Every structure is written in structure tokens, then in C-alpha cells.
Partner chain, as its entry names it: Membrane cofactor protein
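A single chain, nothing else alongside it, follows as C-alpha cells in the form deposited without its partner chain.
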């Protein structure tokens, strides 16, 4: 059953993702778990902030950040182009397994269900939902999430795309500078029709 999961592992020691291009290094831990579920992938995702600049986004009224995930034709993460810098792997306890995936193409968003560059079908490339930031006062602050699958390639090397955008546009920021600690999002689970191996 371990091969039915493609994931980041649980709570890596170091930030594995540069979600802001304004950062000088990886600025958060992107926790991403993809599970093969029949014709679908169950996708489970959140961020644990690390860098101060990312963590202090909780003091802003308007925020938008995107984890751009690009994969080659074999379903392997293109780390040089992607926000996530650590390739995914199968489940091994609470950690990533060692070597070499590629039933991985089977975890990718279907190019039949989610096309590239098709303006007449562009609405089909989008998934939306809500996750939450737990504020210092323990209230659940709603964060809008938008997932775009495929749709726009960077180059001929990028055969699959998963772009996950967290955003909010509220009357007030969830924190002030004196109350802000770590930007963590609650797990968001979404589903998509998967490519075949």
C-alpha cells in the first residue's frame, strides 16, 4: 500500500519549499500527500511557515502565495522550476521512501480532464476551496485556496502542473506584529482525475 502514496513525508526538519520568490531560501515546509483512490487522486496539502518574512504575512490584510509544482513526462518533480525543491516519494513510515518512483505518472493530473492552453475548456482546469489559519486568539481565519491543474506550461519539459494558491482579502489582518508567530494553514484536501501510468 506504501506505493499508493506520493508525498513529502511528515514535518521535515528544514523548509522544503520556496513559496515566496522574495525569500532568500526555502521559506516554508510544504506538506503534500497524494493518494491514488480509484480513478482519482486524493490530494492533501498545507504549509508550515519557517522564514520570518513568510510568517509575518499574517499581519497583512491582502495576501497571495502560490506553490507551483511542475513535473516531467514521467511524473517526476522539476525542482529547478518548482516552488517545492524536494522530490516526492512513497510512504515509509512517517517519512519518504528511498529511490525511485514512477508509478508517479499515475499520480499526475489528467491531461484529458485538465488540458493545456485550451481557452474554451479553461474553466475545467480549476478547483477551489477553503482552509484556515489558527490565529493567536484561536479563531479560525478563512483562507481561500485555488488549484489550477495543467493549463499553462513553462516549457516543453513541464508535462504536468499543479499550482496551489493560498489567498485572503479581508477587512483586517488575522494578526498584529506583537501577536504573530508562525503561518500555518490547516490541511486542504482536493481531488482530481488522475493520469494513467
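Positions refer to the first chain, counted from 1.
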- Message: So, looking at the entry's B-factor column for Cα atoms, which has the higher mean, 141 to 149 or 22 to 30?
- Response: 22 to 30
- Item | Stretch exceeding the other in mean C-alpha B-factor - 79 to 87, 99 to 107 | 99 to 107
- Note on the structure: One of 167, 170, 134, 130 has the largest Cα B-factor in the entry, namely 170
- Given 11, 177, 185, 16, the residue at which the Cα B factor reaches its maximum: 177
- Query: For residue 112, does the deposited CA B-factor place it in the lowest, middle or highest third of the chain?
  - Reply: lowest
- Query: Is the Cα B-factor recorded for residue 42 in the lowest, middle or highest third of its chain?
  - Reply: lowest
- Task: Ordered by C-alpha B-factor within the chain, which third holds residue 154? Give me lowest, middle or highest, please.
- Result: highest
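Unshown form solved in complex with its partner chain; subsequent notes refer to it.
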- Evaluate residue 177 for contact with its partner chain in the deposited bound form, applying a 4.5 angstroms cut-off between non-hydrogen atoms, and reply yes or no. yes
- Message: Residue-level contact is defined here as any heavy atom of the residue lying within 4.5 Å of its partner chain in the deposited bound form; does residue 62 satisfy this criterion?
- Response: no
- Query: Taking heavy atoms and a 4.5 Å cut-off, does residue 81 contact its partner chain in the deposited bound form?
  - Reply: yes
- Query: Though only this chain appears here, would residue 155 touch its partner chain in the deposited bound form if you measure heavy atom gaps against 4.5 Å?
  - Reply: yes
- Query: Pick from 98, 119, 73, 103: which has a non-hydrogen atom within 4.5 Å of its partner chain in the deposited bound form?
  - Reply: 119
